[PDB]
>>> print(open('entry.cif').read())   # mmCIF, C-alpha atoms
data_entry
#
loop_
_atom_site.label_atom_id
_atom_site.label_comp_id
_atom_site.auth_asym_id
_atom_site.auth_seq_id
_atom_site.Cartn_x
_atom_site.Cartn_y
_atom_site.Cartn_z
CA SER A 1 29.34 -7.48 -17.46
CA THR A 2 26.09 -9.19 -16.55
CA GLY A 3 24.26 -10.24 -13.44
CA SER A 4 21.62 -12.89 -12.89
CA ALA A 5 19.84 -13.29 -9.56
CA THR A 6 16.93 -15.49 -8.57
CA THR A 7 13.96 -13.63 -7.14
CA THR A 8 11.77 -15.61 -4.73
CA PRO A 9 8.17 -15.00 -3.63
CA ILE A 10 8.16 -13.95 0.05
CA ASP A 11 5.01 -16.02 0.62
CA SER A 12 2.54 -18.41 -0.99
CA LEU A 13 0.65 -15.44 -2.59
CA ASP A 14 3.61 -13.80 -4.39
CA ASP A 15 2.94 -10.68 -2.25
CA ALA A 16 6.46 -9.60 -3.13
CA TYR A 17 9.69 -11.07 -4.39
CA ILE A 18 13.06 -10.89 -2.66
CA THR A 19 16.37 -11.07 -4.43
CA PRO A 20 19.61 -11.64 -2.50
CA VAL A 21 21.90 -8.61 -2.73
CA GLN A 22 25.49 -8.59 -1.49
CA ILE A 23 26.38 -5.31 0.23
CA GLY A 24 29.77 -4.44 1.62
CA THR A 25 33.05 -6.19 2.27
CA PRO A 26 32.90 -8.90 3.44
CA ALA A 27 29.50 -9.35 1.74
CA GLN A 28 26.39 -8.81 3.79
CA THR A 29 23.57 -10.54 1.91
CA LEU A 30 20.20 -8.85 2.28
CA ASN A 31 17.03 -9.98 0.56
CA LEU A 32 15.74 -6.89 -1.20
CA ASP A 33 12.51 -6.15 -2.97
CA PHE A 34 13.55 -5.10 -6.48
CA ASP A 35 11.19 -2.27 -7.27
CA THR A 36 10.91 -0.91 -10.84
CA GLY A 37 8.50 1.73 -9.36
CA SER A 38 11.06 3.44 -7.10
CA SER A 39 14.66 4.51 -7.22
CA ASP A 40 16.07 4.06 -3.71
CA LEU A 41 18.20 1.15 -2.57
CA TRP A 42 17.46 1.21 1.12
CA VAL A 43 18.11 -1.43 3.74
CA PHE A 44 17.27 -2.29 7.28
CA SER A 45 20.54 -1.52 9.05
CA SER A 46 22.36 -1.31 12.35
CA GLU A 47 20.91 2.25 12.39
CA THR A 48 17.25 1.18 12.16
CA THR A 49 15.21 2.00 15.29
CA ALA A 50 15.49 -1.34 17.15
CA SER A 51 11.67 -1.42 17.82
CA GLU A 52 11.17 -1.19 14.00
CA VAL A 53 13.29 -4.28 13.19
CA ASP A 54 11.52 -7.64 13.58
CA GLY A 55 13.43 -10.46 11.90
CA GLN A 56 14.98 -8.51 8.99
CA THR A 57 18.62 -9.00 8.11
CA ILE A 58 20.34 -5.67 8.70
CA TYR A 59 23.19 -4.01 6.91
CA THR A 60 25.90 -2.97 9.38
CA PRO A 61 28.04 -0.43 7.55
CA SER A 62 30.61 -0.49 10.42
CA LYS A 63 31.39 -4.17 9.52
CA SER A 64 31.99 -3.25 5.84
CA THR A 65 35.55 -2.24 4.98
CA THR A 66 34.11 -0.59 1.81
CA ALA A 67 31.22 1.34 3.47
CA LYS A 68 31.62 5.13 3.53
CA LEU A 69 29.09 7.49 5.12
CA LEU A 70 27.79 9.78 2.37
CA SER A 71 28.22 12.74 4.67
CA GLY A 72 25.09 14.92 5.08
CA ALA A 73 22.98 12.77 2.75
CA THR A 74 19.53 11.75 3.96
CA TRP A 75 16.62 10.08 2.29
CA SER A 76 12.95 9.78 2.95
CA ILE A 77 10.49 7.83 0.85
CA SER A 78 6.71 7.22 0.94
CA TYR A 79 5.37 4.47 -1.31
CA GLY A 80 1.99 4.23 -3.08
CA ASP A 81 0.83 1.81 -0.30
CA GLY A 82 1.38 4.50 2.44
CA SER A 83 4.57 2.78 3.71
CA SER A 84 7.67 4.85 4.30
CA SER A 85 11.23 4.74 5.42
CA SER A 86 14.02 7.25 5.90
CA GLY A 87 17.57 7.49 7.11
CA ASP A 88 21.07 8.32 6.05
CA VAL A 89 23.27 7.02 3.25
CA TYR A 90 26.43 5.00 2.84
CA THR A 91 28.25 4.21 -0.32
CA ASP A 92 29.32 0.63 -0.55
CA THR A 93 29.96 -2.18 -2.95
CA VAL A 94 26.70 -3.79 -4.02
CA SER A 95 26.53 -7.00 -6.07
CA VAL A 96 23.44 -8.55 -7.60
CA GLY A 97 23.78 -11.99 -9.15
CA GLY A 98 27.53 -11.55 -9.80
CA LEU A 99 27.20 -7.95 -11.08
CA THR A 100 29.09 -5.49 -8.85
CA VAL A 101 28.68 -1.72 -8.48
CA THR A 102 31.26 0.06 -6.37
CA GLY A 103 30.13 3.30 -4.76
CA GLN A 104 26.42 2.39 -4.74
CA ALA A 105 24.36 4.66 -2.50
CA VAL A 106 23.02 2.26 0.17
CA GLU A 107 20.31 4.14 2.02
CA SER A 108 20.43 3.02 5.64
CA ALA A 109 17.01 3.06 7.31
CA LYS A 110 16.84 4.89 10.63
CA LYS A 111 13.03 4.68 10.50
CA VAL A 112 10.68 2.31 8.65
CA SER A 113 6.86 2.28 8.78
CA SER A 114 5.01 -0.63 10.37
CA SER A 115 4.39 -2.55 7.07
CA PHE A 116 8.20 -2.86 6.62
CA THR A 117 8.75 -3.86 10.27
CA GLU A 118 5.93 -6.43 9.94
CA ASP A 119 7.49 -7.98 6.80
CA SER A 120 10.48 -9.92 8.23
CA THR A 121 11.27 -11.36 4.75
CA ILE A 122 12.12 -7.97 3.12
CA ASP A 123 15.43 -6.45 4.24
CA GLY A 124 14.99 -3.41 2.03
CA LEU A 125 14.22 -2.27 -1.49
CA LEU A 126 16.38 -1.97 -4.57
CA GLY A 127 14.76 0.65 -6.77
CA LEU A 128 14.98 0.19 -10.53
CA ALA A 129 12.89 3.16 -11.69
CA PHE A 130 14.70 6.21 -13.11
CA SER A 131 17.24 7.84 -10.82
CA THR A 132 15.21 11.11 -11.12
CA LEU A 133 12.94 9.55 -8.39
CA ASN A 134 15.81 8.88 -5.99
CA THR A 135 15.02 10.61 -2.66
CA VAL A 136 18.60 11.17 -1.44
CA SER A 137 19.14 14.79 -0.48
CA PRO A 138 20.92 17.01 -1.07
CA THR A 139 22.75 14.93 -3.69
CA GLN A 140 20.32 12.64 -5.55
CA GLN A 141 21.86 9.19 -6.04
CA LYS A 142 21.78 6.77 -8.97
CA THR A 143 20.02 3.43 -8.91
CA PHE A 144 22.03 0.22 -8.97
CA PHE A 145 20.99 -0.24 -12.62
CA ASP A 146 22.00 3.33 -13.52
CA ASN A 147 25.40 2.77 -11.84
CA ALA A 148 25.83 -0.64 -13.54
CA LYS A 149 24.50 0.45 -16.99
CA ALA A 150 27.85 1.55 -18.53
CA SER A 151 29.52 -1.80 -17.49
CA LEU A 152 26.66 -3.98 -18.74
CA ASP A 153 26.97 -5.90 -22.02
CA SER A 154 23.58 -4.30 -22.85
CA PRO A 155 21.92 -1.44 -20.90
CA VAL A 156 18.98 -3.65 -19.92
CA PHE A 157 17.62 -5.66 -17.08
CA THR A 158 14.88 -8.19 -17.33
CA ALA A 159 12.27 -9.28 -14.85
CA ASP A 160 11.09 -12.84 -15.18
CA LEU A 161 8.87 -13.22 -12.14
CA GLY A 162 7.50 -16.60 -11.19
CA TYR A 163 3.91 -17.45 -10.42
CA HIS A 164 4.16 -19.15 -7.03
CA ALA A 165 7.78 -19.86 -7.98
CA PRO A 166 11.15 -18.16 -8.13
CA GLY A 167 12.03 -16.12 -11.15
CA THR A 168 14.98 -14.18 -12.33
CA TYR A 169 16.31 -10.69 -12.59
CA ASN A 170 19.01 -10.44 -15.24
CA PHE A 171 21.23 -7.42 -15.81
CA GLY A 172 22.98 -6.66 -19.04
CA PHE A 173 21.58 -9.42 -21.24
CA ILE A 174 18.35 -10.89 -22.57
CA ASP A 175 18.07 -14.66 -21.93
CA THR A 176 16.51 -15.76 -25.27
CA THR A 177 15.73 -19.15 -23.55
CA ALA A 178 13.56 -17.44 -20.90
CA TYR A 179 10.61 -16.57 -23.19
CA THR A 180 8.57 -17.86 -26.10
CA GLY A 181 7.92 -16.09 -29.37
CA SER A 182 9.37 -12.61 -29.76
CA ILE A 183 9.74 -9.69 -27.39
CA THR A 184 7.44 -6.84 -28.29
CA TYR A 185 8.99 -3.50 -27.40
CA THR A 186 6.89 -0.50 -26.51
CA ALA A 187 7.66 3.16 -25.87
CA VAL A 188 8.46 4.37 -22.34
CA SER A 189 7.83 7.83 -20.91
CA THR A 190 10.37 8.66 -18.16
CA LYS A 191 8.49 11.98 -17.48
CA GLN A 192 7.25 10.70 -14.06
CA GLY A 193 10.48 8.70 -13.38
CA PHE A 194 8.70 5.37 -13.97
CA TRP A 195 8.81 2.70 -16.64
CA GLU A 196 5.59 4.22 -17.96
CA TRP A 197 4.13 2.77 -21.12
CA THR A 198 0.80 2.46 -22.87
CA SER A 199 -0.91 -0.89 -23.11
CA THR A 200 -2.93 -1.25 -26.34
CA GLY A 201 -5.91 -2.79 -24.59
CA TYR A 202 -7.24 -5.79 -22.80
CA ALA A 203 -9.43 -8.80 -22.95
CA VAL A 204 -11.23 -10.66 -20.18
CA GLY A 205 -11.08 -14.44 -20.46
CA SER A 206 -11.98 -15.60 -24.00
CA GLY A 207 -13.63 -12.19 -24.60
CA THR A 208 -12.86 -9.98 -27.56
CA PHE A 209 -9.86 -7.73 -27.24
CA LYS A 210 -10.75 -4.13 -26.43
CA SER A 211 -8.33 -1.74 -28.21
CA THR A 212 -7.83 1.07 -25.78
CA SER A 213 -4.76 2.95 -24.58
CA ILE A 214 -3.95 2.20 -20.93
CA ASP A 215 -1.06 4.34 -19.65
CA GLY A 216 0.62 2.57 -16.76
CA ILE A 217 3.90 1.69 -15.09
CA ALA A 218 5.73 -1.61 -15.05
CA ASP A 219 6.20 -1.87 -11.28
CA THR A 220 7.78 -5.06 -9.87
CA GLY A 221 7.35 -3.53 -6.37
CA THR A 222 3.55 -3.57 -6.65
CA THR A 223 1.88 -6.93 -6.06
CA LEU A 224 -1.30 -6.42 -8.04
CA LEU A 225 -2.51 -5.08 -11.35
CA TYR A 226 -4.18 -1.70 -10.94
CA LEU A 227 -6.19 -0.59 -13.92
CA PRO A 228 -8.91 1.92 -14.67
CA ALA A 229 -12.19 1.11 -12.91
CA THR A 230 -13.91 0.45 -16.28
CA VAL A 231 -11.44 -2.32 -17.13
CA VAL A 232 -11.48 -3.76 -13.62
CA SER A 233 -15.30 -3.73 -13.48
CA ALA A 234 -15.37 -5.48 -16.90
CA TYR A 235 -13.03 -8.17 -15.53
CA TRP A 236 -14.81 -8.79 -12.22
CA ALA A 237 -18.24 -8.71 -13.95
CA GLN A 238 -17.13 -12.08 -15.39
CA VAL A 239 -16.80 -13.63 -11.90
CA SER A 240 -20.08 -14.66 -10.22
CA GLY A 241 -20.36 -12.92 -6.83
CA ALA A 242 -17.29 -10.68 -7.33
CA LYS A 243 -17.86 -7.27 -5.79
CA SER A 244 -15.90 -4.21 -4.84
CA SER A 245 -15.78 -4.08 -1.01
CA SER A 246 -14.89 -0.68 0.55
CA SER A 247 -14.55 -2.61 3.88
CA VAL A 248 -11.85 -4.87 2.37
CA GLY A 249 -10.40 -2.15 0.05
CA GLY A 250 -11.10 -3.63 -3.35
CA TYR A 251 -12.59 -6.36 -5.41
CA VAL A 252 -13.20 -9.64 -3.63
CA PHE A 253 -14.65 -12.75 -5.16
CA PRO A 254 -15.94 -16.06 -3.93
CA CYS A 255 -13.00 -18.38 -3.20
CA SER A 256 -15.16 -21.03 -5.02
CA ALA A 257 -14.75 -19.02 -8.30
CA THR A 258 -12.66 -20.00 -11.29
CA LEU A 259 -11.13 -16.73 -12.43
CA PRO A 260 -10.93 -15.82 -16.08
CA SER A 261 -7.63 -14.86 -17.63
CA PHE A 262 -6.85 -11.24 -18.30
CA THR A 263 -5.04 -10.28 -21.47
CA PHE A 264 -3.26 -6.95 -21.88
CA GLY A 265 -1.94 -5.59 -25.14
CA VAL A 266 1.68 -4.68 -25.83
CA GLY A 267 1.51 -3.11 -29.26
CA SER A 268 0.04 -5.91 -31.46
CA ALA A 269 1.19 -8.59 -28.94
CA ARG A 270 -0.92 -9.97 -26.13
CA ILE A 271 0.15 -11.03 -22.66
CA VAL A 272 -2.26 -13.45 -21.03
CA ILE A 273 -2.46 -13.42 -17.25
CA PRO A 274 -3.93 -16.79 -16.24
CA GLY A 275 -6.88 -16.45 -13.93
CA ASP A 276 -5.02 -18.28 -11.10
CA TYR A 277 -2.50 -15.38 -11.07
CA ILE A 278 -5.42 -13.09 -10.12
CA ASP A 279 -6.27 -15.12 -6.98
CA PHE A 280 -4.78 -13.55 -3.82
CA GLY A 281 -6.59 -15.91 -1.53
CA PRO A 282 -8.87 -15.39 1.43
CA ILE A 283 -9.17 -11.78 2.68
CA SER A 284 -8.71 -13.29 6.17
CA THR A 285 -7.73 -16.77 7.32
CA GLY A 286 -10.66 -19.11 6.71
CA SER A 287 -12.70 -16.53 4.78
CA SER A 288 -14.59 -17.70 1.71
CA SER A 289 -14.03 -14.19 0.27
CA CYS A 290 -10.85 -13.99 -1.80
CA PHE A 291 -8.96 -10.85 -2.75
CA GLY A 292 -8.69 -10.02 -6.43
CA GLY A 293 -5.30 -9.46 -8.07
CA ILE A 294 -6.85 -6.94 -10.50
CA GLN A 295 -7.86 -3.79 -8.70
CA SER A 296 -8.95 -0.29 -9.60
CA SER A 297 -6.23 2.32 -9.99
CA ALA A 298 -8.89 5.05 -9.44
CA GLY A 299 -7.54 5.98 -5.93
CA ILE A 300 -3.83 5.84 -7.14
CA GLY A 301 -3.64 8.36 -10.03
CA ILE A 302 -1.63 5.90 -12.15
CA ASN A 303 -2.30 2.45 -13.60
CA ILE A 304 0.18 -0.10 -12.27
CA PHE A 305 1.29 -3.19 -14.13
CA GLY A 306 2.43 -4.86 -10.93
CA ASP A 307 3.62 -8.43 -10.37
CA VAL A 308 0.22 -9.99 -11.35
CA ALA A 309 0.78 -8.65 -14.88
CA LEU A 310 4.57 -8.77 -15.04
CA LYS A 311 4.91 -12.39 -13.81
CA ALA A 312 2.86 -13.43 -16.90
CA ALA A 313 5.65 -12.00 -19.08
CA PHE A 314 9.33 -11.87 -19.66
CA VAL A 315 9.87 -8.16 -19.27
CA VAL A 316 12.78 -6.22 -20.69
CA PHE A 317 13.60 -2.91 -19.01
CA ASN A 318 15.61 -1.38 -21.84
CA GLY A 319 17.64 1.47 -20.31
CA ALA A 320 19.08 2.58 -23.67
CA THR A 321 19.27 6.37 -24.26
CA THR A 322 15.61 6.07 -25.36
CA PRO A 323 14.27 3.61 -22.76
CA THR A 324 11.75 1.04 -23.93
CA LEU A 325 9.89 -1.89 -22.39
CA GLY A 326 9.82 -5.34 -23.94
CA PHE A 327 7.26 -7.97 -23.16
CA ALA A 328 7.34 -11.60 -24.23
CA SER A 329 5.14 -14.53 -23.34
CA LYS A 330 6.95 -17.34 -21.52
#
>>> encode(input="entry.cif", output="structure tokens")
Amino acid sequence: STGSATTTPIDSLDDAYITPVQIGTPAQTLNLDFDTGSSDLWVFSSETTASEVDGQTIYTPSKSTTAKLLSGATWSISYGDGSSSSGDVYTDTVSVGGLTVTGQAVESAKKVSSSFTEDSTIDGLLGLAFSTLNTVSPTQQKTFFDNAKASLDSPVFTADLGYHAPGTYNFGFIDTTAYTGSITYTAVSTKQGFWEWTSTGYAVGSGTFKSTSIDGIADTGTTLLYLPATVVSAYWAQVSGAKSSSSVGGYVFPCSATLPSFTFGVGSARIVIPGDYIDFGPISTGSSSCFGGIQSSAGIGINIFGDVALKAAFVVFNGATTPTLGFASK
């Protein structure tokens, strides 16, 4: 089997991408944030604290003939951005882009933190990290991809995120029309439950490539590219008036700037992030200070190849017995 679903920026900045997910019978379509940096499929639901729902589409398990309470199961998750959600769990039929998993753990939010409530466009998350990170207790649950894997033509999904445009998540096949050149595959460590790999280095603009190992995660659920402060300083040093602002919480640059590209290495291959991808627009409406899409990972404890990096590539999440990560230009 295969699935293919369009993923759509939630706003003009590509702050996140939502992918329609059918849950239950008859289908309830929720727009979920596919997150290769987490392993919970959780949704706004009929159970979510009413004051914490503001425009989201909710899953109502009671309207799904295939929903079953996973008795006693609860979940609680805190993301790298300080957001959180928790609740109970149903099993239900979940389809993504024509690919159906029966018995998917659908984690029903009772509580969501303010950032979720405030984002009316995101009805929940569909985690695509390793199921070892799943927060369901006392019985940890598998991700959608883990549940689908055995049925897929190939144990892979691909992320083809758009810059200011829809992209595609494919399950079980590699669209050889979706990228240029070859896919370069690179080793993954699952030791932290992430799609963790080692970039072979970087270049800033037309600058010489710096060969240096950068351990990071391929995280579709993270907007920006978070790299060691040395790399990020090197990048922003090439933008007149760019500065790290503690008040704003990262590098800002003059909205009048033309950003340089950022290249990151995948083995001997190079993925070029156009400078426009690194522009996250005014820090506040009407500000002439723009937020940078390349930020220091120093305060995180992990480098994150988020959407800024991944949308420059066709990315293969190879969930074979030995997982690997493929990057292609597109």
>>> resolve_selection(input="entry.cif", expression="the PyMOL selection byres ((chain A and resi 170) around 8)", output="list in words")
residues 2, 3, 4, 5, 97, 157, 158, 159, 168, 169, 171, 172, 173, 174 and 175 of chain A
>>> atom_distance(input="entry.cif", atom1="CA of residue 288 (chain A)", atom2="CA of residue 117 (chain A)")
28.5 Å
>>> closest_residue(input="entry.cif", among="A:329, A:84, A:76, A:93", to="residue 28 (chain A)", atoms="all atoms listed in the file")
A:93
>>> residues_around(input="entry.cif", residues="region 20-25 of chain A", least_positions_apart="3", cutoff="10 Å", atoms="all atoms listed in the file", output="mmCIF file with C-alpha atoms, keeping the file's coordinate frame")
data_model
loop_
_atom_site.group_PDB
_atom_site.id
_atom_site.type_symbol
_atom_site.label_atom_id
_atom_site.label_comp_id
_atom_site.auth_asym_id
_atom_site.auth_seq_id
_atom_site.Cartn_x
_atom_site.Cartn_y
_atom_site.Cartn_z
ATOM 1 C CA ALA A 5 19.840 -13.290 -9.560
ATOM 2 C CA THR A 6 16.930 -15.490 -8.570
ATOM 3 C CA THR A 7 13.960 -13.630 -7.140
ATOM 4 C CA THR A 8 11.770 -15.610 -4.730
ATOM 5 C CA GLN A 28 26.390 -8.810 3.790
ATOM 6 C CA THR A 29 23.570 -10.540 1.910
ATOM 7 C CA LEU A 30 20.200 -8.850 2.280
ATOM 8 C CA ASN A 31 17.030 -9.980 0.560
ATOM 9 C CA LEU A 32 15.740 -6.890 -1.200
ATOM 10 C CA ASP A 33 12.510 -6.150 -2.970
ATOM 11 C CA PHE A 34 13.550 -5.100 -6.480
ATOM 12 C CA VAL A 43 18.110 -1.430 3.740
ATOM 13 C CA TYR A 59 23.190 -4.010 6.910
ATOM 14 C CA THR A 60 25.900 -2.970 9.380
ATOM 15 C CA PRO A 61 28.040 -0.430 7.550
ATOM 16 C CA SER A 62 30.610 -0.490 10.420
ATOM 17 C CA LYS A 63 31.390 -4.170 9.520
ATOM 18 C CA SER A 64 31.990 -3.250 5.840
ATOM 19 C CA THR A 65 35.550 -2.240 4.980
ATOM 20 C CA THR A 66 34.110 -0.590 1.810
ATOM 21 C CA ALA A 67 31.220 1.340 3.470
ATOM 22 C CA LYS A 68 31.620 5.130 3.530
ATOM 23 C CA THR A 91 28.250 4.210 -0.320
ATOM 24 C CA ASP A 92 29.320 0.630 -0.550
ATOM 25 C CA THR A 93 29.960 -2.180 -2.950
ATOM 26 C CA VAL A 94 26.700 -3.790 -4.020
ATOM 27 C CA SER A 95 26.530 -7.000 -6.070
ATOM 28 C CA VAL A 96 23.440 -8.550 -7.600
ATOM 29 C CA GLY A 97 23.780 -11.990 -9.150
ATOM 30 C CA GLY A 98 27.530 -11.550 -9.800
ATOM 31 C CA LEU A 99 27.200 -7.950 -11.080
ATOM 32 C CA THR A 100 29.090 -5.490 -8.850
ATOM 33 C CA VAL A 101 28.680 -1.720 -8.480
ATOM 34 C CA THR A 102 31.260 0.060 -6.370
ATOM 35 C CA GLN A 104 26.420 2.390 -4.740
ATOM 36 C CA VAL A 106 23.020 2.260 0.170
ATOM 37 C CA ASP A 123 15.430 -6.450 4.240
ATOM 38 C CA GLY A 124 14.990 -3.410 2.030
ATOM 39 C CA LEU A 126 16.380 -1.970 -4.570
#
>>> atom_distance(input="entry.cif", atom1="CA of residue 306 (chain A)", atom2="CA of residue 228 (chain A)")
13.7 Å
>>> residues_around(input="entry.cif", residues="residue 233 (chain A)", least_positions_apart="3", cutoff="10 Å", atoms="all atoms listed in the file", output="list in words")
residues 227, 228, 229, 230, 236, 237, 238, 242, 243, 244, 251, 294, 295 and 296 of chain A
>>> resolve_selection(input="entry.cif", expression="the PyMOL selection byres ((chain A and resi 111) around 6)", output="list in words")
residues 48, 49, 85, 86, 109, 110 and 112 of chain A
>>> residues_around(input="entry.cif", residues="residue 135 (chain A)", least_positions_apart="5", cutoff="9 Å", atoms="all atoms listed in the file", output="list in words")
residues 39, 40, 74, 75, 76, 77, 140 and 141 of chain A
>>> residues_around(input="entry.cif", residues="residue 82 (chain A)", least_positions_apart="3", cutoff="9 Å", atoms="only C-alpha atoms", output="MDAnalysis selection string")
chainID A and resid 78:79 113 115
>>> resolve_selection(input="entry.cif", expression="the PyMOL selection byres ((chain A and resi 149) around 10)", output="number ranges by chain")
A: 1-2, 101, 143-148, 150-157, 171-172, 319-320
>>> write_last_selection(input="entry.cif", atoms="C-alpha atoms", output="PDB file, in the coordinates of the input")
ATOM      1  CA  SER A   1      29.340  -7.480 -17.460  1.00  0.00           C
ATOM      2  CA  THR A   2      26.090  -9.190 -16.550  1.00  0.00           C
ATOM      3  CA  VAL A 101      28.680  -1.720  -8.480  1.00  0.00           C
ATOM      4  CA  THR A 143      20.020   3.430  -8.910  1.00  0.00           C
ATOM      5  CA  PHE A 144      22.030   0.220  -8.970  1.00  0.00           C
ATOM      6  CA  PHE A 145      20.990  -0.240 -12.620  1.00  0.00           C
ATOM      7  CA  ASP A 146      22.000   3.330 -13.520  1.00  0.00           C
ATOM      8  CA  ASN A 147      25.400   2.770 -11.840  1.00  0.00           C
ATOM      9  CA  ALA A 148      25.830  -0.640 -13.540  1.00  0.00           C
ATOM     10  CA  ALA A 150      27.850   1.550 -18.530  1.00  0.00           C
ATOM     11  CA  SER A 151      29.520  -1.800 -17.490  1.00  0.00           C
ATOM     12  CA  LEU A 152      26.660  -3.980 -18.740  1.00  0.00           C
ATOM     13  CA  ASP A 153      26.970  -5.900 -22.020  1.00  0.00           C
ATOM     14  CA  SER A 154      23.580  -4.300 -22.850  1.00  0.00           C
ATOM     15  CA  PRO A 155      21.920  -1.440 -20.900  1.00  0.00           C
ATOM     16  CA  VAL A 156      18.980  -3.650 -19.920  1.00  0.00           C
ATOM     17  CA  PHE A 157      17.620  -5.660 -17.080  1.00  0.00           C
ATOM     18  CA  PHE A 171      21.230  -7.420 -15.810  1.00  0.00           C
ATOM     19  CA  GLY A 172      22.980  -6.660 -19.040  1.00  0.00           C
ATOM     20  CA  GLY A 319      17.640   1.470 -20.310  1.00  0.00           C
ATOM     21  CA  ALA A 320      19.080   2.580 -23.670  1.00  0.00           C
TER      22      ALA A 320
END
>>> residues_around(input="entry.cif", residues="residue 284 (chain A)", least_positions_apart="4", cutoff="12 Å", atoms="all atoms listed in the file", output="MDAnalysis selection string")
chainID A and resid 248 252 255 280 288:291
>>> write_last_selection(input="entry.cif", atoms="C-alpha atoms", output="mmCIF file, in the frame of the given file")
data_model
loop_
_atom_site.group_PDB
_atom_site.id
_atom_site.type_symbol
_atom_site.label_atom_id
_atom_site.label_comp_id
_atom_site.auth_asym_id
_atom_site.auth_seq_id
_atom_site.Cartn_x
_atom_site.Cartn_y
_atom_site.Cartn_z
ATOM 1 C CA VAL A 248 -11.850 -4.870 2.370
ATOM 2 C CA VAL A 252 -13.200 -9.640 -3.630
ATOM 3 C CA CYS A 255 -13.000 -18.380 -3.200
ATOM 4 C CA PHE A 280 -4.780 -13.550 -3.820
ATOM 5 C CA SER A 288 -14.590 -17.700 1.710
ATOM 6 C CA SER A 289 -14.030 -14.190 0.270
ATOM 7 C CA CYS A 290 -10.850 -13.990 -1.800
ATOM 8 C CA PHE A 291 -8.960 -10.850 -2.750
#
>>> closest_residue(input="entry.cif", among="A:203, A:193, A:307, A:9", to="residue 132 (chain A)", atoms="only C-alpha atoms")
A:193
>>> closest_atom_pairs(input="entry.cif", of="region 231-325 of chain A", to="region 35-38 of chain A", cutoff="12 Å", atoms="all atoms listed in the file", output="CSV")
residue,atom,partner,partner_atom,distance
A:302,CA,A:37,CA,11.3
A:303,CA,A:37,CA,11.6
A:304,CA,A:37,CA,9.0
A:305,CA,A:37,CA,9.9
A:306,CA,A:37,CA,9.1
A:307,CA,A:35,CA,10.2
A:310,CA,A:36,CA,10.9
A:315,CA,A:36,CA,11.2
A:316,CA,A:36,CA,11.3
A:317,CA,A:36,CA,8.8
A:318,CA,A:36,CA,12.0
A:319,CA,A:36,CA,11.9
A:325,CA,A:36,CA,11.6
>>> closest_residue(input="entry.cif", among="A:190, A:208, A:261, A:56", to="residue 122 (chain A)", atoms="all atoms listed in the file")
A:56
